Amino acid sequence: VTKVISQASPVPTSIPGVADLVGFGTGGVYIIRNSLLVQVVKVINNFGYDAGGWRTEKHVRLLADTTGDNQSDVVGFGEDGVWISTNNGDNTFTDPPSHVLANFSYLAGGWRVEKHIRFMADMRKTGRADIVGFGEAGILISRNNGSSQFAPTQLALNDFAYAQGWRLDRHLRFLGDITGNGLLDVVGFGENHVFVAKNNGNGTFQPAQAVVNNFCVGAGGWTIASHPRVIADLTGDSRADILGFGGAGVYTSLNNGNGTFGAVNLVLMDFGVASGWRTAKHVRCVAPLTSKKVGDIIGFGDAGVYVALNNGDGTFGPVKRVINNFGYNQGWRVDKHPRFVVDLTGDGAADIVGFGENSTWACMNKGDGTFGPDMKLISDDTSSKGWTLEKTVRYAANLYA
């Protein structure tokens, strides 16, 4: 499946891949390298609640390859600027980090978690991640010129920002390739339309185009509170399609190939409000779980994990409960226990990992969207050891492969 960057998952993982685990703890940054010999390693005495004053409410902490060597670096949008610790290649990182740009931050640029969105993305196919912010006047990009040299911001597009009415309480913004050229374009679920903007390849976009009169708060009644939406390749043409978890169930609009979109269809009467699904208590994802390399549906519900497998064309097979765990009825809580659907084995079929009450747990995908037994990986990065949502950040991320 293709690289999609979203508000919900700003650190994309690779398909295929062997994702590592990263924790921005109170004392700093810790990693669990995906390997046969499992352990927790502290790598930076920074980017933490008690290690530099990092706060979920004011700052953004991410992983992205900022150098082009295919290793992920630690990036923090802090109080006064953007701070980077680079991956040394051997499960260590530079410490202290370096401040590379006095912008995209609370006091330098006036950026706010409540109003603005900050991502890291290779926007020009350089192999390096540029800074991309949806701010006040539009989308601002700082070009990564290599060797920690970040160009001052340029207004990539005068849209998808606070001045054009975009709000985190009402709308969704994504980066994803909707044309097939390998460049990340902008997809925005606005007030009355899904808009797209095509990437020019040089740090700017074409003007936005309304492509679907649906999936929005003012078109079809789609709320952030009840109806999560994603973009993902549902068909295998490498272009992002639209999928929504609506009232009745799952709605899709398939990309025509060029970033225009087809009809809106209800393709599955499950995973919606009508079948009991709730943003407050459940996790719904789209990720490849089989050899077809298209988006399948995963849902951490009450009784456990439910999957519907894509037939290969954006329609789905029956819903099956594949694991009687990671669900609400086994004590998993959206506000305490992060759960991710990511490739941990390198075969292209996404696995399940969860940071539980006492242990990190995983289940291996057998390659066909069925799973093995719940495996206990390690008793760290968990609630019981002080890792809370309010004070810490945890990701699955490809640090190397």
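One rule holds for the numbers: they count along the sequence shown, beginning at 1.
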Report summary line: With B-factors read from the PDB entry, the higher C-alpha mean of 347-355 and 368-376 is in 368-376
Query - Higher-scoring stretch by recorded Cα B factor average, 180-188 or 256-264 - result: 256-264
Query - Given 341, 363, 63, 60, the residue at which the Cα B factor reaches its maximum - result: 363
Requested in this report: Report the option among 119, 160, 328, 174 whose CA atom has the maximum B-factor in the deposited record.
Outcome: 328
Report summary line: Binned into thirds over the chain's modelled residues, the C-alpha B-factor of residue 270 lands in the middle
Query raised in the report: If you rank the chain by CA B-factor, which third does residue 38 end up in: lowest, middle or highest?
Result: highest
Query raised in the report: Is the Cα B-factor recorded for residue 229 in the lowest, middle or highest third of its chain?
Result: lowest
Report task. Grab the CA temperature factor for residue 109 from the record and place it in the lowest, middle or highest third of its chain. Result -> lowest
Query raised in the report: So where's residue 6 on the chain's Cα temperature factor ranking, which third?
Result: lowest
